[PDB]
Amino acid sequence: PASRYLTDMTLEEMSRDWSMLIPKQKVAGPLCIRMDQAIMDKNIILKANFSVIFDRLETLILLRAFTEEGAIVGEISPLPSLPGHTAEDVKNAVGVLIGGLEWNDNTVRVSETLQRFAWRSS
Amino acid sequence: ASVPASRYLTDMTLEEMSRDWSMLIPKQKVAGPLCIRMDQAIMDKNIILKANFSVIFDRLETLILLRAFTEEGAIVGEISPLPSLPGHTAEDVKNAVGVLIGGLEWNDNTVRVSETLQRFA
């Protein structure tokens, strides 16, 4: 099947409202990165929702960052203009958020489903 | 013939080492034996990391002070051993520097490492 939607998150998790106590935000190419500076010493799970064409990444719809208690503390997503992006853009945006969260000695686990596609080649 | 097994590498001047600097908006971390700091206000600049450090044979042994400088000569960042001085490794420094670079890059600063730090890191 040549188009699949890979959904780390639930519906409720995709659309939930969240807020940063101490906002940090950055534009990496065609992607916006967000993280709450207030958060420290937490293990953090990256959950991604994205699409895939044949066996390669198509689009990242949304990635959110979760504490082990289910609280959202960060997010990556496409710029409101919704432009095209590469796996490399993504690899890069994920790296930059890992660095950001790691400042307050949080541990970050990437989405294994996304990384399986984003760290691919030809 | 050859150069000592111990050398002292000085990318900075005495005035450069002892100068105080202000972080407009502080961003500090401790990585074990190392303090990392930088000014969060700083944006879109070109920045060079410079270092005063010891070498044994061909590898950084002990860091004395690393600073981050704007093209104008303003210090915008710093990696310094904590003052009880409980020992760090060449590797502990490579790592700290990655953390300063990434933190600085957040605000679209462009960062270079000195050629010295490049040889002996």
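When we count neighbours, we look across all protein chains shown, and the Cβ atoms used for this are built from the backbone with ideal geometry, even at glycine. None of the figures in this text is laboratory data; all of them are computed from the coordinates on show.
Under a 5 Å amide H cut-off, with hydrogens placed 1.01 Å from N, residue A:109 pairs with A:44, A:45, A:46 among residues at least 5 apart or on other chains.
Taking the helices alone, the protein assembly as shown has a mean residue ellipticity at 222 nm of -6500 deg cm²/dmol, built from -39,500 (n - 2.57) per DSSP H run of at least 4 residues and averaged over all its residues. Report, to the nearest 10°, how far helix B:90-105 tilts away from the longest principal axis of the Cα atoms in chain B, using its own Cα long axis and a range of 0 to 90°. Relative to chain B, helix B:90-105 is tipped by roughly 20 degrees.
When each of B:15, A:112 is scored by the number of other beta-carbon atoms lying within 10 Å, the sequence from fewest to most is B:15, A:112.
Assuming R0 = 35 Å, what is the FRET efficiency of residue A:79 and residue B:21, from their Cβ-Cβ distance, to the nearest 0.05? In this case the efficiency is close to 0.50.
Here the spin labels are modelled as points 7 Å beyond Cα on the Cα-Cβ line, and at residue B:48 and residue A:53 they lie 4.6 nm apart. Computed about its Cα centre, the charge dipole of the stretch A:1-121 is approximately 320 debye, with only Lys, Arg, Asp and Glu carrying charge at their Cβ. Listing A:94, A:110, B:99 from fewest to most neighbouring C-beta atoms within 10 Å gives B:99, A:110, A:94. Of B:38, B:17, B:12, the sequence from fewest to most neighbouring Cβ atoms within 10 angstrom is B:17, B:12, B:38.
Note: relative contact order over chain A, using C-alpha pairs below 8 Å and six or more positions apart, is 30 percent. Our note on the geometry: Cα centres of the stretch A:51-66 and the stretch B:45-121, 36 Å apart.
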